[PDB]
Amino acid sequence: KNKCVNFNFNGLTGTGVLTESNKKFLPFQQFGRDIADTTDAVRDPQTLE
Amino acid sequence: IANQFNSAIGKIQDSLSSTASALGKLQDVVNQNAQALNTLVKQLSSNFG
Ligand SMILES: *[C@@H]1O[C@H](CO)[C@@H](O[C@@H]2O[C@H](CO)[C@@H](O[C@H]3O[C@H](CO)[C@@H](O)[C@H](O)[C@@H]3O)[C@H](O)[C@H]2NC(C)=O)[C@H](O)[C@H]1NC(C)=O
Ligand SMILES: *[C@@H]1O[C@H](CO)[C@@H](O)[C@H](O)[C@H]1NC(C)=O
C-alpha cells in the first residue's frame, strides 16, 4: 500500500498506488469504477478489504 | 446627485445579493469548460467497436 505498484487482481492488471478505502461495498461487488469506466476501487480476493 | 448615485450603488449590492440570474454570461463559460471536460472524460467509456 501507499507505493506505486504494477497490480493485478483477478486479471485486472493496472498501475497505481493502493490505499485502504472506506467504500461500503456489498458482498456481490468485486470492483468499483470511475466516470472514465476505469476501475478505481477493488476488493482483494485474499482478504475482504 | 450624490444621493442619487449613493442610492444607485446601494441597488447594485441588493441586486447582486438577490437575483440568481445576473452573472449568467460568466457561469455559462465555466459550465462550457466543465461540460467539455466531462464529455472528454466520458468518451473514455466508448468502445469504438
Ligand atoms: C428631482 O427628482 C428628485 C428625485 O430623484 C426629487 O428629489 C426627491 O424630492 C422629494 C420631495 O419633493 C423627496 O420626497 C420625500 O420628501 C420628504 C422627506 O424629505 C417627505 O415629506 C416625503 O414623503 C418624501 O419622503 C425625495 O426623498 C427626494 N429624493 C431625492 C433623491 O432627493 C427632486 O425633488 C426633483 N427636483 C425637482 C426640482 O423637481
Ligand atoms: C485466503 O486465505 C485466508 C487465510 O490466510 C482466508 O482467511 C481467506 O478466507 C482466503 N480467501 C479465500 C477467497 O478463500
# chains A, B, ... in the order shown; residues from 1 in each chain; ligands from 1

$ closest_atom_pairs --of "chain A" --to "ligand 2" --cutoff "8 Å" --atoms "only C-alpha atoms and all ligand atoms" --output "tab-separated table"
residue	atom	partner	partner_atom_place_in_ligand_line	distance
A:45	CA	ligand 2	13 (C)	5.2
A:46	CA	ligand 2	1 (C)	4.4
A:47	CA	ligand 2	8 (C)	5.7
A:48	CA	ligand 2	11 (N)	7.9

$ interface_residues --of "chain B" --to "chain A" --cutoff "6 Å" --atoms "only C-alpha atoms" --output "PyMOL selection string"
chain B and resi 41-42+44-45

$ atom_distance --atom1 "atom CA of residue B:19" --atom2 "atom CA of residue B:5"
21.1 Å

$ residues_near_ligand --ligand "ligand 1" --cutoff "10 Å" --atoms "only C-alpha atoms and all ligand atoms" --output "ChimeraX atom specification"
/B:1-8
